[PDB]
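Reviewing the structure listed below.
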Amino acid sequence: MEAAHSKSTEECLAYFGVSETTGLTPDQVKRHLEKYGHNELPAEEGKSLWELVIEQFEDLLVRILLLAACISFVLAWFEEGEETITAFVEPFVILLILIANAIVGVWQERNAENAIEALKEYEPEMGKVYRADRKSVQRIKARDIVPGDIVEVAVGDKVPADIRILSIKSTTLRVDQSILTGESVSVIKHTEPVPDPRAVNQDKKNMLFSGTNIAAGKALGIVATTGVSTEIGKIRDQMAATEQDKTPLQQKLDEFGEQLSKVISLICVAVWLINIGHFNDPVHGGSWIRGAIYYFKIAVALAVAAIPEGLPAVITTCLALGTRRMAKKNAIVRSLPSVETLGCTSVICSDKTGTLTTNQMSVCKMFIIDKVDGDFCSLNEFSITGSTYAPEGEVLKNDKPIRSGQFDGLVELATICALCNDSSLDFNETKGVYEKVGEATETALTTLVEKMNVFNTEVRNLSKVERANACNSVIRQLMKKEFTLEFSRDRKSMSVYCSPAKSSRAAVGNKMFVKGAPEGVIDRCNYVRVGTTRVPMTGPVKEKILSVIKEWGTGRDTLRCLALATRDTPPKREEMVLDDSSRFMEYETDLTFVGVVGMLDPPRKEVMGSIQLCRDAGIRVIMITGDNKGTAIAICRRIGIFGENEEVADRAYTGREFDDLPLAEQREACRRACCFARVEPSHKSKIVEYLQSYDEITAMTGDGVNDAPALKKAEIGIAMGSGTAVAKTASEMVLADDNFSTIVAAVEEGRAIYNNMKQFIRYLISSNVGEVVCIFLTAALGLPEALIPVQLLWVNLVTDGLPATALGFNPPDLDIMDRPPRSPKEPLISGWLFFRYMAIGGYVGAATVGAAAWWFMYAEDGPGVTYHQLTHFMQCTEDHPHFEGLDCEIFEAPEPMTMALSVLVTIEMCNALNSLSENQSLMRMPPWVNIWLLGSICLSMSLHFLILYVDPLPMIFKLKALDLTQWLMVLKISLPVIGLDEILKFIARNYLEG
Ligand SMILES: [Ca+2]
Ligand SMILES: [Ca+2]
Ligand code: NA
């Protein structure tokens, strides 16, 4: 709907024939999506440099190869000699092999396309709509929004599509049109039509332009235009299909692409040039042309075999599958180019509340009096699991689960926590999560009672709503709370006067349950409860209790402790002043100590583990909280940022302290800081700036508008899933978890994706290096050639096909988080890595030629045993008194070629096992760690077994079936490529790093 601003609300509603109290019907949605498409810009042609210089180049190669095969195929007819067979089927076999290559290529492309499609499911549903299907609001993808459906927006939301405002539910509606008109000052909107059809967007105060931010309010509207039809879509249409900004890794790959193109081209021309003396050999008929054509067919076949194909598809596959695993672990990465950056993350700046900690007060420790003897006491210390307000957790004694009912003291402890409490627990059915009802420190007691369950109430078959206050209600049905003595700051405690429920004894059984600061309460305790009995409070006992309370509040955990006491014989209610808080302390005297609870704001799941993972990975972790310096440090010590006993005077700063520092000192601070407490929202940008001045790949967390500038500036902007949509737009990743652990998991996955690429590159390059070496080794020395054109195409199909692709499905490396963050400035291939290529390649090339010369030079149970000159083999028909019962055509035997081919194929299948990890041993990273690789090896070996033993096949490939003894010779020379790499792995693992 164009010029919707000109028309009224009624006119706009009538345009699509939709009620704003109903929404679009499925028939409407289907048709509208068909006619209008989706709310997005068209994807630009992804024609990378690698495609033209490598892929399109190789395509030309197989065409001129087939042509060169077609040419000699015609020349073969004019050959009056014996009508050959193998050379007659050469163009057929070549095309047949090329067909297989296309099949493997399609499978690779289909893998990538499927893996990309799978990412559309985890697309963040940032858009609320009303449809005819549900009478409530619905969360739908932004691109799935069609012009016509009723959209609801609120505060902190980014406008999905161009929307004509129908009704404003709030008092006012403010929108941020800085991304378009050019002003951060939020504009006010209305529902009246803008009569001028040719008015600027600044005067269109009844429209919600897509991309803009809703500053304040809540309004309802109808979508006018989506996709490129968008006002900002026409602005974004500029850099739509025309741009120039490749990622650092893409630049390295394209650069690496040109390097391969030049090298492969030269070494193949070299092959054709060093064999010009063999153009007139009698095996070529003596024709210079027929000789040059043959070696042309070898060079090009060598090129095809040497060229590492499938790289774009493999990389895209790893990237998409890896991203899915991130989203599977609540890590929603919007843009794929952010992943390589995410894997280079060197510093993580995280918020504490909700991210590092659960922001839900939880009692994790408690102790009661065990035994008292000779004016001394022992304690029963318990630990409680669970870190949320949910009644989910266990009570432990010595790391072993126990029942609270087994301890009479624990029964009274729960009684006090459930009665001396004004708060409660509620289950939000909408959000599907338990929420507190009152003070956090009180709800921690409520949740504790439910976890304890001292009366063993059946709760397993209860609903979430009923479970919330189950055990607490059980206690309240036994004791009736008469009144409550409010908290007083002069005594730092509170108490409740209670009585037995359903009791006719009005003046019998009354108790007072006291809670508050340990020192104050314990000082007013003349007795100590042991089980159900009590004993007089003694010195050593009081000193013992306070010592443990001291340890809990001074130790690494720094627990906020509370004393729980009971007045066994409380004063009469008719003798209590209830309008004077100064009289309450007197009423809370002559108490009996029961126990002590210890609570905190616990770290989220796997956070303490993830923090240690960062230190192992050389990733700095910086906390940004809103607490005081003293507590913030204590929290850092608690979660593992700081040690239990480490100096923190230079690694912890407040907003006040940081602003007192000059620029050079501020920049110096962020270099070593690990904690920032009570900081302005502008400080996050300054922190990022100073971190970037040290070449640190910085990750910053945010949830609101105030964080959006810092989120954009940081390399990895990290927004909260529970946060505003404006922050999500300014971020590179969204936390569905809101958990810090998710960030670390996302970083590890990024490092994993990159490593799979390297092992993919290492296998192909090293193996194909040997393929090139093999051709040159038999040429430089002068040995009889080991490979023919169709055999080269066979190695290309077998070794560069499925086994290569399956390496992308490699599991995360073991030492993946034991290595420092990868520098984006580092080369794609290091010097030592290049050496590893030449090392493995140098062997597989020699082991191939050596296996062929093995049939000639140190022949075992086979014909042709000559340790002498094989160099001048072309002179065998010149000087014959050098053989002994063996023709000169035994040099043309299919036996050494079969050995050379079998070894080359097998030794690369071995090299594939070497590519299961970069530096880790096969002893630590077993071959069965990748099932897809093994299946590819079995398939590749099956094809090789197929060619050698199915009678019509080894004729067209010039091969002969190898004996069981001859095959054991193949493994004998192929397997030691594992050990060679195993040594290289050991060296780099025990010297180059550690
Ligand atoms: Ca190849
Ligand atoms: Ca290969
Ligand atoms: Na950013």
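Order determines the names: the first chain of the structure tokens is A, the second B, and so forth; residues in each chain are numbered 1 upward, and ligands are numbered 1 upward as they are shown.
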Go through chain A and flag each residue having an atom no more than 10 Å from ligand 2; for those, report the closest pair of atoms plus their distance in Å to one decimal, using only C-alpha atoms and all ligand atoms, ordered by chain and rising number, as a Markdown table.
| residue | atom | partner | partner_atom_place_in_ligand_line | distance |
| --- | --- | --- | --- | --- |
| A:304 | CA | ligand 2 | 1 (Ca) | 9.8 |
| A:305 | CA | ligand 2 | 1 (Ca) | 6.3 |
| A:306 | CA | ligand 2 | 1 (Ca) | 6.6 |
| A:307 | CA | ligand 2 | 1 (Ca) | 8.6 |
| A:308 | CA | ligand 2 | 1 (Ca) | 8.0 |
| A:309 | CA | ligand 2 | 1 (Ca) | 9.9 |
| A:763 | CA | ligand 2 | 1 (Ca) | 8.1 |
| A:764 | CA | ligand 2 | 1 (Ca) | 5.8 |
| A:765 | CA | ligand 2 | 1 (Ca) | 7.8 |
| A:766 | CA | ligand 2 | 1 (Ca) | 8.3 |
| A:767 | CA | ligand 2 | 1 (Ca) | 5.1 |
| A:768 | CA | ligand 2 | 1 (Ca) | 4.6 |
| A:769 | CA | ligand 2 | 1 (Ca) | 8.3 |
| A:770 | CA | ligand 2 | 1 (Ca) | 8.4 |
| A:771 | CA | ligand 2 | 1 (Ca) | 7.0 |
| A:772 | CA | ligand 2 | 1 (Ca) | 9.9 |
| A:792 | CA | ligand 2 | 1 (Ca) | 9.3 |
| A:793 | CA | ligand 2 | 1 (Ca) | 9.8 |
| A:794 | CA | ligand 2 | 1 (Ca) | 9.6 |
| A:795 | CA | ligand 2 | 1 (Ca) | 6.1 |
| A:796 | CA | ligand 2 | 1 (Ca) | 5.5 |
| A:797 | CA | ligand 2 | 1 (Ca) | 8.2 |
| A:798 | CA | ligand 2 | 1 (Ca) | 7.6 |
| A:799 | CA | ligand 2 | 1 (Ca) | 4.6 |
| A:800 | CA | ligand 2 | 1 (Ca) | 4.9 |
| A:801 | CA | ligand 2 | 1 (Ca) | 8.5 |
| A:803 | CA | ligand 2 | 1 (Ca) | 9.7 |
| A:804 | CA | ligand 2 | 1 (Ca) | 8.7 |
| A:904 | CA | ligand 2 | 1 (Ca) | 8.5 |
| A:905 | CA | ligand 2 | 1 (Ca) | 7.9 |
| A:907 | CA | ligand 2 | 1 (Ca) | 9.9 |
| A:908 | CA | ligand 2 | 1 (Ca) | 6.8 |
| A:909 | CA | ligand 2 | 1 (Ca) | 9.2 |
| A:911 | CA | ligand 2 | 1 (Ca) | 9.8 |
| A:912 | CA | ligand 2 | 1 (Ca) | 10.0 |
Secondary structure check, helix (DSSP H, G or I) residues of region 228-476 of chain A, as number ranges by chain: A: 228-229, 248-274, 276-278, 282-284, 288-306, 311-328, 338-342, 404-406, 408-419, 440-452, 464-467, 470-476
Given 6 Å and only C-alpha atoms and all ligand atoms, residues near ligand 3 as an NGL selection string: :A and (711-717 or 731-732)
Could you write out that same residue set with N, CA, C and O atoms as a JSON list (two decimals), in the first residue's frame?
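Produced file result.json, reproduced below:
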[["chain", "number", "residue", "atom", "x", "y", "z"],
["A", 711, "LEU", "N", 27.79, -1.47, 21.95],
["A", 711, "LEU", "CA", 27.57, -2.73, 21.25],
["A", 711, "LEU", "C", 28.04, -2.66, 19.81],
["A", 711, "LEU", "O", 28.60, -3.62, 19.28],
["A", 712, "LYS", "N", 27.81, -1.52, 19.17],
["A", 712, "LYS", "CA", 28.25, -1.31, 17.79],
["A", 712, "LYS", "C", 29.76, -1.20, 17.72],
["A", 712, "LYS", "O", 30.40, -1.79, 16.84],
["A", 713, "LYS", "N", 30.34, -0.46, 18.66],
["A", 713, "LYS", "CA", 31.77, -0.19, 18.66],
["A", 713, "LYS", "C", 32.60, -1.46, 18.88],
["A", 713, "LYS", "O", 33.62, -1.67, 18.21],
["A", 714, "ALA", "N", 32.16, -2.30, 19.81],
["A", 714, "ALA", "CA", 32.85, -3.55, 20.11],
["A", 714, "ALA", "C", 32.83, -4.50, 18.92],
["A", 714, "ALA", "O", 31.88, -4.50, 18.13],
["A", 715, "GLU", "N", 33.88, -5.32, 18.80],
["A", 715, "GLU", "CA", 33.98, -6.31, 17.73],
["A", 715, "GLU", "C", 32.80, -7.27, 17.76],
["A", 715, "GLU", "O", 32.20, -7.57, 16.72],
["A", 716, "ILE", "N", 32.48, -7.77, 18.95],
["A", 716, "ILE", "CA", 31.33, -8.64, 19.13],
["A", 716, "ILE", "C", 30.32, -8.02, 20.08],
["A", 716, "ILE", "O", 30.48, -8.08, 21.30],
["A", 717, "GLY", "N", 29.28, -7.40, 19.52],
["A", 717, "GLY", "CA", 28.20, -6.85, 20.32],
["A", 717, "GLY", "C", 27.31, -7.97, 20.80],
["A", 717, "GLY", "O", 26.82, -8.78, 20.01],
["A", 731, "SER", "N", 23.93, -5.31, 17.97],
["A", 731, "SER", "CA", 24.79, -6.39, 18.43],
["A", 731, "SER", "C", 25.11, -7.40, 17.33],
["A", 731, "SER", "O", 24.43, -7.45, 16.30],
["A", 732, "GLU", "N", 26.15, -8.20, 17.55],
["A", 732, "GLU", "CA", 26.53, -9.24, 16.61],
["A", 732, "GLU", "C", 26.00, -10.60, 17.06],
["A", 732, "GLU", "O", 26.00, -11.57, 16.29]]
Residue 927 (chain A) surroundings by only C-alpha atoms, 12 Å radius, close-in-sequence under 2 positions cut, as a list in words: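 Neighbouring residues, sequence-local ones excluded: residues 807, 810, 811, 909, 910, 911, 912, 913, 914, 915, 916, 917, 920, 921, 922, 923, 924, 925, 929, 930, 931, 932, 933, 934, 935, 937 and 978 of chain A.
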Sel. of strand (DSSP E or B) residues, region 698-875 of chain A, as a PyMOL selection string: chain A and resi 698-702+716-720+733-735
Could the residues in this selection be saved with N, CA, C and O atoms as a compact mmCIF listing (two decimals), in the first residue's frame?
# COMPACT_ATOMS: atom_id res chain seq x y z
N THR A 698 37.29 -7.28 21.18
CA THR A 698 36.47 -7.06 22.37
C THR A 698 35.02 -7.49 22.21
O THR A 698 34.38 -7.21 21.20
N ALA A 699 34.50 -8.18 23.23
CA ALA A 699 33.09 -8.52 23.30
C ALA A 699 32.44 -7.79 24.47
O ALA A 699 32.89 -7.90 25.61
N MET A 700 31.38 -7.04 24.19
CA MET A 700 30.69 -6.26 25.21
C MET A 700 29.22 -6.65 25.31
O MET A 700 28.56 -6.87 24.30
N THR A 701 28.71 -6.74 26.54
CA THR A 701 27.31 -7.09 26.75
C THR A 701 26.46 -5.85 26.98
O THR A 701 26.94 -4.83 27.48
N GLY A 702 25.19 -5.93 26.59
CA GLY A 702 24.26 -4.83 26.75
C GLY A 702 22.82 -5.29 26.69
O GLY A 702 22.53 -6.38 26.20
N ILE A 716 32.48 -7.77 18.95
CA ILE A 716 31.33 -8.64 19.13
C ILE A 716 30.32 -8.02 20.08
O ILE A 716 30.48 -8.08 21.30
N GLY A 717 29.28 -7.40 19.52
CA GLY A 717 28.20 -6.85 20.32
C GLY A 717 27.31 -7.97 20.80
O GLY A 717 26.82 -8.78 20.01
N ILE A 718 27.09 -8.03 22.11
CA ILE A 718 26.30 -9.11 22.70
C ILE A 718 25.08 -8.57 23.44
O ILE A 718 25.20 -7.97 24.51
N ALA A 719 23.90 -8.78 22.86
CA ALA A 719 22.66 -8.31 23.46
C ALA A 719 21.93 -9.43 24.18
O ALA A 719 22.10 -10.61 23.86
N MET A 720 21.11 -9.06 25.16
CA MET A 720 20.33 -10.02 25.92
C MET A 720 19.01 -10.34 25.22
O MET A 720 18.37 -9.45 24.66
N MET A 733 25.53 -10.66 18.30
CA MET A 733 25.01 -11.90 18.86
C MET A 733 23.98 -11.62 19.95
O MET A 733 24.09 -10.65 20.69
N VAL A 734 22.96 -12.47 20.02
CA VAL A 734 21.92 -12.34 21.04
C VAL A 734 21.89 -13.57 21.95
O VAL A 734 21.85 -14.70 21.48
N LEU A 735 21.92 -13.33 23.26
CA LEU A 735 21.88 -14.42 24.23
C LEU A 735 20.45 -14.79 24.60
O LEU A 735 19.78 -14.05 25.32
Counting only C-alpha atoms, what is within 8 Å of residue 208 (chain A), bar same-chain residues fewer than 2 positions away, as a CSV table (one decimal) with N, CA, C and O atoms, in the first residue's frame?
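Writing done, so here's selection34.csv:
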chain,number,residue,atom,x,y,z
A,159,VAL,N,11.2,-1.0,14.6
A,159,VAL,CA,10.1,-1.2,13.7
A,159,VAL,C,10.4,-2.2,12.6
A,159,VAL,O,11.4,-1.9,11.8
A,161,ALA,N,8.5,-3.3,9.8
A,161,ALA,CA,8.2,-2.9,8.4
A,161,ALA,C,7.5,-1.5,8.5
A,161,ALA,O,7.3,-1.0,9.5
A,162,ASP,N,7.3,-1.0,7.3
A,162,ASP,CA,6.6,0.3,7.2
A,162,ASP,C,5.1,0.1,7.6
A,162,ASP,O,4.4,-0.6,7.0
A,163,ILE,N,4.8,0.8,8.7
A,163,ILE,CA,3.4,0.6,9.3
A,163,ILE,C,2.6,1.8,9.5
A,163,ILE,O,3.1,2.8,10.0
A,164,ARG,N,1.4,1.8,9.0
A,164,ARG,CA,0.5,2.9,9.2
A,164,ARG,C,-0.2,2.7,10.6
A,164,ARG,O,-0.8,1.7,10.9
A,165,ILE,N,0.0,3.7,11.5
A,165,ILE,CA,-0.4,3.6,12.9
A,165,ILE,C,-2.0,3.6,12.9
A,165,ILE,O,-2.6,4.6,12.4
A,175,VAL,N,9.2,7.9,18.7
A,175,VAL,CA,10.0,7.0,17.8
A,175,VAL,C,11.4,7.7,17.4
A,175,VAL,O,11.4,8.9,17.3
A,206,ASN,N,2.6,9.9,11.0
A,206,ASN,CA,1.6,8.8,11.3
A,206,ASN,C,2.1,7.5,10.8
A,206,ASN,O,1.4,6.5,10.8
A,210,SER,N,10.5,1.4,9.0
A,210,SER,CA,11.2,0.3,9.4
A,210,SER,C,12.7,0.6,9.7
A,210,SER,O,13.2,1.5,9.0
A,212,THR,N,13.7,2.1,12.4
A,212,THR,CA,13.6,3.1,13.5
A,212,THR,C,13.4,2.5,14.8
A,212,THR,O,12.8,1.4,14.9
